[PDB]
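In the form deposited in one PDB entry, a lone chain appears below as structure tokens.
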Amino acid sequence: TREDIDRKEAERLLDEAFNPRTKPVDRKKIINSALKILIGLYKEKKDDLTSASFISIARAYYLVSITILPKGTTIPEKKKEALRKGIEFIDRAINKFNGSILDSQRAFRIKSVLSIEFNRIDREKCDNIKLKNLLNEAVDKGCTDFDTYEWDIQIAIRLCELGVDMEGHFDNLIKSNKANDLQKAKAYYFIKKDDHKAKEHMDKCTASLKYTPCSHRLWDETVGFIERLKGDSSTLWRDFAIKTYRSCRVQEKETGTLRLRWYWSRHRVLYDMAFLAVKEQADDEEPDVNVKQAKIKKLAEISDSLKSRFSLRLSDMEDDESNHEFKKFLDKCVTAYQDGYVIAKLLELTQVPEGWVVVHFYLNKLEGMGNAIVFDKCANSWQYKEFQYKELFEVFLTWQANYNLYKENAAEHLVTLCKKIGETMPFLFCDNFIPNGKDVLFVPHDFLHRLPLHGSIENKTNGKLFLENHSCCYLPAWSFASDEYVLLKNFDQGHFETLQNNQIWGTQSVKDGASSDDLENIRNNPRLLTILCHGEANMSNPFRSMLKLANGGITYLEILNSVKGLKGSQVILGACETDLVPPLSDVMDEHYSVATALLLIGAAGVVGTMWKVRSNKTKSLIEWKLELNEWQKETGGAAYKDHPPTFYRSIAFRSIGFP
């Protein structure tokens, strides 16, 4: 009777763990104790272990699979091991005759839903044959009690997703008091093909999604259903894609005051396919100019929403006021991940200073060809164009690899990259898309951030530089746009010995050998803050990318909290090149450099430097004390044909900010 009693105790503790009341931190310890108890049971009872102990083991292994979070972007190996162990331990249970109808039904249900979860995690381990076997087992057992166990409801909807008729359980699933709206919508659309009831449940489902964190089960499975609809060439996928976009935007609008987001490996495709939906709506033979313009504006809005936030894996996630919000957000997300299974002032996209044309960039991986949503206030007209970025990505990777070995000697690769930008984006030099003599603001996407868009070269024999005609300033996203002179220096001896010594243009509250305290101690907001130090890159957490100042330097996070006296000041971070702050590009680059932290604090604009340049050029830029795009043309930055290395230095300087 030892097996039965300890199995009953294990069932008690598993039921207590399944209650959503307990925090996930203690849930791990209690379920580990349950695992220890059940394995201790299994040690002496390997000879045809009873059905109850095996069922408890399967439930416990499912729960150990759920409690372990995906540390990286990919599915964690521990979850796969837990799934494999659960199915392996339940194979012996299902291979033997339990003798109880209820126990056999429970075993079949848990095995089939475990196979479904393994298929969701990785189709290689369990293919559609496994799903068909799960259907056979469920039909044989008859575990279709929708009003008793939501476990049966989940297996029913998964089975119906396999393209097999489920009209036998249709009446039971019609009521489904324990189900959620998305399951009802899936059942209505798949079996009965009734779009009205499907959309009626869909609206409630997305309304509920509006108030749930991104780590919930509902988000991933609803985006999966939407992409299933898109692959089915249906017509209602666009509306729910846009509605899920809206729910995601509203949900994270308030949460994450530090410009943070939760990664779930399906957010990017959700935004991509909502973008595709609104794009198809825009080009759906619209007779009215107003509706097409509004659709393109919505295109720009969704492009900006993805850029306006962060993307941090919880491995990197795992004064003190900022840390409180960090801990609260992490706790809420990690709680909502497991709750799925257990029972200052905003800026409008249309208000822009007169004579400024903005170029919003969006790179959609699903479609495979990027977009450039432009907007000029001369005619107040929104228009967008499409372009290929894969070959441009090859050329950019070529330049990045050649630069990290031969920084100054890779000027030819920079010229090639600029020519590739001009060729792959011919609308930049087009009069209709971008009028000449108009100041341009860029909002580049993931890997377009590193591109010197201001240095684009037109596809001509004597292709004119894009910098000569337009004045360009960049921006990580549209959500970032909103006296004396101060200098800070932490460089090495032998460089920049002139500004520190001969300082007749200002630098009253200056600090040679500056520390993080010196940057934080700037009380009054100056007219120009100059920071002289080469910062280091954080290849994992962009929140901890630092400027190498004295006393350990100041990171991205410490700028957001300690530094307050910098509002409305044209900071010039012309000491560290822009590309030693963040990591390097691989397919996408969603990391934010230190200049973005300065912009978020309230700096009027950072005159950064894309690539490493000799000290003389940036020293001359600092000595240029009149209020970029005009200096580069006059200093010789348009001589790429004759002087490649001269083009390499001048182009590097870009102003990250919106005047």
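Numbers follow the displayed sequence, beginning with 1. Rigid core: the largest C-alpha set superposing within 1.5 Å between the two forms.
Separately, the form deposited in another entry exists; it is not shown, and the next lines address it.
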| query | finding |
| --- | --- |
| Sole residue of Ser305, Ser585, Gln251, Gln293 shifting 2 angstroms or more in CA between this form and the one not shown, core aligned | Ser585 |
| Threshold 2 Å Cα movement between this form and the one not shown at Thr507, rigid core reference | yes |
| CA of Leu441, rigid core aligned, shift of 2 Å or more between this form and the one not shown | no |
| Flag for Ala604, CA shift 2 Å or larger between this form and the one not shown after aligning core | no |
